[PDB]
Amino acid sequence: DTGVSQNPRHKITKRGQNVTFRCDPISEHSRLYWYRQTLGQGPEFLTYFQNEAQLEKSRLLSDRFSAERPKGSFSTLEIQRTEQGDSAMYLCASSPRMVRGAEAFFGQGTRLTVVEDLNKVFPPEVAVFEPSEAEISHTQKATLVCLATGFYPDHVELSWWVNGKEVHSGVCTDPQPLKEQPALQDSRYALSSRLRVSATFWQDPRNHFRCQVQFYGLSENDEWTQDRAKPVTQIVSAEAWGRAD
C-alpha cells in the first residue's frame, strides 16, 4: 500500500519566489499526472508524462510552470515567480502501464500558500475547555472543547489524544477554520473541536486528554528577523486531566 508520495506536504512561499514540488509515483507506473485543486473545485489538469516524455500540457499552463520526470520515475514541478493565485493543492497521480479505464492513484498533495509577507505567519494558540457540570448531571456525558486561535496561514490538523493515543470516536472538528476578522485579507484564523466522553471517564483524574494542533508554517530555510520565534511548522498542544469536581 505504499502509494503516491508528494513532498513537501505543505509550503508557504513569499510572492515572487520560486518553488519546486516533488512526486514519487507508485513503483513502475508509466503514467504520471500533475493537477491543481482549489477548495470548492475539482482537480484541474496541468500535465501528463508517459515514461519520461511530457506528451500533454494544459493549454492554459503558464510559462512560469515547468515539470520534469527525467528517468520516467519521480517528477518535479517548478513554479517560477509565485503569485497569490498560484495558491492551491498540487496533486500528483500515477496510473499503471497499458490498462484502459485505469484508476488514477493520488498523492496527499503539496498545499501551496503564497503570502505577501512571511512576517504575518503565526502558529496557533491552543486551549482546552473542561466539561460543564451542568452537561454531566443532565446527560451523563462530558464534552471537552479545543480551540485553536490566531494562526496564519489557515492550515492546521487538529487531533485528540486520550491516555497517550489518538482517538476518532466522540470527536468532531469544524469543517473549515473561520476568519477571526472576515473583512481582512490577512485575517488570522480559528478552529474548534469537540471530544465527548462519558461523565465517569472525565471524572477520573487519572485520565489524560490532549488537543494537538499540527501547524504548517515556515521551513528551516526561510529568513526570519523578528524577535518572536520563527513560526516554523510545529505542534502546539493543550492538555487536561479528569476531575472529580
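Heads up: residue numbers just count along the shown sequence, starting at 1.
Higher mean CA B-factor, judged across 183 to 191 and 43 to 51 from the recorded values: 183 to 191. Checked against the record, the higher mean CA B factor of 132 to 140 and 102 to 110 lies with 132 to 140. The residue among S94, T149, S159, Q80 whose C-alpha atom has the highest B-factor in the PDB entry is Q80.
When the modelled residues of the chain are ordered by C-alpha B-factor, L61 sits in the highest third. For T225, the recorded CA B-factor ranks within the middle third of the chain. Only modelled residues enter the ranking.
When the CA B factors of the chain's modelled residues are split into thirds, the value for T2 lands in the highest one. In this PDB entry, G85 carries a Cα temperature factor that places it within the highest third of its chain's modelled residues.
Among all modelled residues in this chain, the alpha-carbon of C23 has a temperature factor (C-alpha) in the middle third.
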